[PDB]
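Structural features, examined
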Amino acid sequence: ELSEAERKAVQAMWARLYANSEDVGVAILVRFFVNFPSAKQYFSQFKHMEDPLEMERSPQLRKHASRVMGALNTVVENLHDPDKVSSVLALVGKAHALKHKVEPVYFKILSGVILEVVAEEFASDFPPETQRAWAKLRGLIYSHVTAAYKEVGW
Ligand code: HEM
Ligand SMILES: [Xe]
Ligand SMILES: [Xe]
Ligand SMILES: [Xe]
Ligand SMILES: [Xe]
């Protein structure tokens, strides 16, 4: 699915991102929760937060951002090993289906926010090939997470 060069474009850009994983990741989630306030129903500590300035300072928000960034780091760094990606994404899917009861579509929506922010951040380094690489990564995340929701009885 993801070629050699496409793998390499994602990984090179991800390294640039992860050098401020903590600022990037919360910026993403703040944006996500601002533009899709429904998604915040699942988080006890900020379900009623509206202020972005407060959302950015919330430890539970920040924890989720660090955890999402950690999981995707595992996926991005191991794109060459398809079964480490399957297992990471299956743990995540199942957890979200069963522990957290999160509608799968919020994965789609979050991913779209991720892509918006990566495009903004690397606007001067986002040629078609690189857009394609990220699009396939996004699509692969959604398959495995969807497949996991089915496997568990959603
Ligand atoms: C790339 C997508 C995502 C990844 C990789 C991810 C990953 C994780 C991880 C690793 C954890 C900690 C382990 C666990 O409790 O399962 C977690 C917790 C959690 N996640 Fe996600 N997540 C993603 C998207 C979402 C979305 C879209 C929502 C809902 C809109 C969500 C809601 C939650 C909730 C409610 C928790 C428990 C938070 C807490 O205990 O404070 N996640 N997630
Ligand atoms: Xe994130
Ligand atoms: Xe990602
Ligand atoms: Xe990201
Ligand atoms: Xe993504």
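**Quick word on the side chain of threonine 130**
- If you trace the backbone, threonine 130 turns up in helix 7 (residues 128-152).
- Among the residues examined, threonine 130 registers a relative accessible area of 5% and is labelled buried.
- Contacts of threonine 130, omitting those with residues within four sequence positions, involve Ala9, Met13 and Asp125.

**Quick notes on the UniProt feature "domain: Globin" in the chain**
- In this structure's numbering, the residues bearing the UniProt feature "domain: Globin" are residues 1-150.
- Taken end to end, residues 1-150 comprises 74% helix and 0% strand; its first and last C-alpha atoms sit 22 Å apart.

**Re the site of ligand 1**
- Near ligand 1 lie 18 residues; those nearest to it are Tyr42, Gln60, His64, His96 and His100.
- Within the side chain of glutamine 60, an N or O atom sits 3.0 Å from an oxygen atom of ligand 1.
- One of the side-chain N or O atoms of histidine 96 is found 2.5 Å from a nitrogen atom in ligand 1.
- Mapped by element, the contributors of at least two residues to the shell around ligand 1 are helix 4 (59-77), helix 5 (82-99) and helix 6 (105-121).
- For the shell around ligand 1, the leading source of residues is helix 4, giving six residues.
- Class assignment of the residues belonging to the shell around ligand 1 gives a composition of 11 nonpolar, four polar and three charged.

What counts, and where the lines are drawn
Residues numbered from 1 in each chain as written, not as in the entry; some residues may be left out. Chains lettered and ligands numbered in written order. Heavy atoms only, no water. Helix = DSSP H or I, 4+ residues; strand = E, 2+ residues; numbered from the N terminus. Buried < 20%, exposed > 50% of the residue type's maximum accessible area, 1.4 Å probe, protein only. Contact = heavy atoms within 4.5 Å. UniProt positions renumbered as here; feature names shortened; annotations may be inferred. Near = heavy atom within 4 Å. Polar contact = N/O pair within 3.5 Å; in protein donor to acceptor, adjacent residues only side chain to side chain. Nonpolar A, V, L, I, M, F, W, Y, C, P; charged D, E, K, R; others polar.

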